Amino acid sequence: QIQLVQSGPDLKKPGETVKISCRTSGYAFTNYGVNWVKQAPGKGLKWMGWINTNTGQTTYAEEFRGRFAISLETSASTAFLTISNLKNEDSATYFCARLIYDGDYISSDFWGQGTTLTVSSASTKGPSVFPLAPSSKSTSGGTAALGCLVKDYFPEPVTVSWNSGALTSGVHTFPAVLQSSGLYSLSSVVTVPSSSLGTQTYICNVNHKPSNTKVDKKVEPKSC
Amino acid sequence: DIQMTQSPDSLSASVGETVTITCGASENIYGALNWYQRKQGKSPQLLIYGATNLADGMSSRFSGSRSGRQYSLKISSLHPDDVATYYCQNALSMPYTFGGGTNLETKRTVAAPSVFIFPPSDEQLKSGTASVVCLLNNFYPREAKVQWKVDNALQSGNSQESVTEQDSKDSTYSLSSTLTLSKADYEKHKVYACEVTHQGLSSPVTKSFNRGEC
Amino acid sequence: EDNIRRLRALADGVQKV
Ligand SMILES: [N+]
């Protein structure tokens, strides 16, 4: 299977340097280009640049010509995006995509999962995870809702999953919102069968990689 | 550099309806145009290449056309899972610049939210804070008014809302409202309630609990 | 129009598969 796996999210201070990696597999690395796309929050896709995985030739959009460098580790089928002298405006999610050219048309046919970079003076803070316990007040006949409150973290992102991924149906993970404190908070909820309560174990798995915070919170019923 | 002008910014249509998104190139780009679909929380996916060619593993309901410097993405029959942001891209000469993108949403019938409420956990209360959460599940349209009342006193300034992106199966939204109090303030009151006002509700709905029982 | 497309790609150094 063709895959492009990028390095994880990162928090950097202004003026520092970050190196984002794109580890590819499932195809002949040096027969296809690699290009990078930036997406700042609440903005569209912005094409950044390209590297020839064979010749090493690079080309950048005007905006990114100065502090940005695409490079290779060919033996490892990997491409890198290096950003120097980081600015607050560099906070964004970066994608690498495979660039294919079939002799007629050029396109990004396979994409990495994205890498979220935050540039900030502030230090990282890991979330506190609290249960949203199911009760008579979160029950509707045969369905009950329950969840996790993921509170007070910085920066984005945080990943939330249920029962280590085994539970996906009925899950709503809400967009993070900024609190007055300058920290994010979100909740993840799932609707499940009421008859499963007290029998089916429910655990939300929360991962905040920038702070290295991993929490598995078991959510149990409450009297209400 | 080629500038791509995408139109419109956002677009809403009923299921089964045909939808059209357009892109204008600042110069002739000779049919070298891609469309990408971006579903919420996922990576962009190649949708159309060479202006008119369907990418591998994408629905035949999608097609592309060209008229001079005007490129069109067409969906013959809209399905709920088509909700996404669509991007065109200059693919002739570098830089392969994108258009501004188009948010596609579904129109569906009004749907009343299911309202649930969660009292703060013991673990949180031990830390000195109390977060109360009101959940509005699976409703349409997105517009909803949520109000908090503590011992029947309307709250202001101490709550925050978050709403999901439109659901790819039933085209509904969900919303969480979180009310945050100090533990001290929380324990000075009994009845916590959120009152929900919505198109699908003939009159506003209240979900409430009594502290000390919760 | 494949004429121009192929020239532009050539000009940019794009890898053809
Ligand atoms: N997007």
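Chains as they are written, first to last, in PDB author numbering: chain H, 1 to 224; chain L, 1 to 214; chain A, 152 to 168.
Every residue gets a Cβ at the ideal spot worked out from N, C-alpha and C, and that includes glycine.
(request) Look up residue 101(H) in the DSSP assignment and give the residues it is bridged to. (result) Residue 101(H) has 106(H) as its beta-bridge partners, per DSSP.
(message) Rounded to whole angstroms, what is the Cα-Cα separation between residue 63(L) and residue 128(L)?
(response) Straight-line measurement puts the Cα of residue 128(L) at about 57 Å from the Cα of residue 63(L).
(request) Verify whether the separation of the beta carbon atoms of residue 3(H) and residue 33(H) is less than 8 Å. (result) Judged by their CB atoms, residue 3(H) and residue 33(H) are not nearer to each other than the 8 Å cut-off.
(request) Work out the CA separation of residue 172(H) and residue 165(H) for me, nearest whole Å. (result) Residue 165(H) and residue 172(H): Cα-Cα distance of roughly 13 Å.
(request) Flag residue 104(L) as yes if its beta-carbon sits less than 8 Å from any beta-carbon of chain H, otherwise no. (result) Not a single C-beta of chain H is nearer than 8 Å to the C-beta of residue 104(L).
(request) Taking residue 101(H) as the query, report the chain A residues whose CB atoms sit under 7 Å from its CB, ordered along the chain. (result) Contact note: residue 101(H) reaches chain A through 160, 165, 166, 167, 168, using a C-beta cutoff of 7 Å and chain order.
(request) Pull out every residue of the region 160-171 of chain L whose Cβ sits closer than 9 Å to any Cβ of chain H, in chain order. (result) Answer in chain order: 160, 161, 162, 163, 164, 165, 167.
(request) Spell out the partners DSSP gives residue 4(L) in its beta bridges. (result) BP columns for residue 4(L) point to 25(L).
(message) On the DSSP letters alone, give me the boundaries of the alpha helix (DSSP H) that residue 155(A) sits inside.
(response) Here the alpha helix (DSSP H) through residue 155(A) covers 153-163.
(request) State yes or no: is the C-beta of residue 17(H) within less than 8 Å of the C-beta of residue 82(H)? (result) Yes, these two residues count as a Cβ contact at 8 Å.
(message) Output needed for residue 98(L): all residues of its chain with C-beta closer than 6 Å, excluding positions within five of it in sequence on either side, in chain order.
(response) Hits under 6 Å: 87, 89.
(message) Just verifying my parser: in three-state terms, what is the DSSP assignment at residue 40(H)?
(response) DSSP places residue 40(H) in coil when its eight states are reduced to three.
(message) Just verifying my parser: in three-state terms, what is the DSSP assignment at residue 202(H)?
(response) It is coil, neither helix nor strand.
(message) Let me check understanding here. Comparing Cα to Cα, which of 221(H), 69(H), 141(H) lies closest to residue 57(H)?
(response) Nearest option by C-alpha distance: 69(H).
(message) Do residue 150(L) and residue 192(L) have their beta-carbon atoms positioned less than 8 Å apart in this structure?
(response) Result yes, Cβ atoms of residue 192(L) and residue 150(L) sit closer than 8 Å.
(request) Count the other C-beta atoms from every protein chain shown that fall within 10 angstroms of the C-beta of residue 152(A), then say buried if there are 16 or more, exposed otherwise. (result) Exposure of residue 152(A) is indicated by the presence of fewer than 16 other C-beta atoms within 10 angstroms of its C-beta.
(message) By DSSP's criteria, residue 149(L) is part of a beta bridge. Which residues make up the other side?
(response) As a beta-bridge residue in DSSP terms, residue 149(L) pairs with 154(L), 193(L).
(request) List the residues of chain A that residue 64(L) touches, going by C-beta distances under 9 Å, in chain order. (result) None at all; the shortest Cβ gap to chain A is about 15 Å.
(request) Starting from residue 172(H), find everything on chain L with Cβ-Cβ shorter than 7 Å and list it in chain order. (result) Per Cβ cutoff of 7 Å: 164, 174.
(message) Are there any heavy atoms of ligand 1 lying less than 7 Å away from the beta-carbon of residue 101(L), as far as the coordinates show?
(response) In this structure, residue 101(L) has its beta carbon less than 7 Å from a heavy atom of ligand 1.
(request) Could you pull the start and end residues of the alpha helix (DSSP H) that residue 184(L) belongs to? (result) Note, residue 184(L): alpha helix (DSSP H), 183-187.
(request) Please confirm if residue 57(H) has its CB atom under 8 Å from at least one CB of chain L. (result) No, residue 57(H) does not count as interfacial toward chain L.
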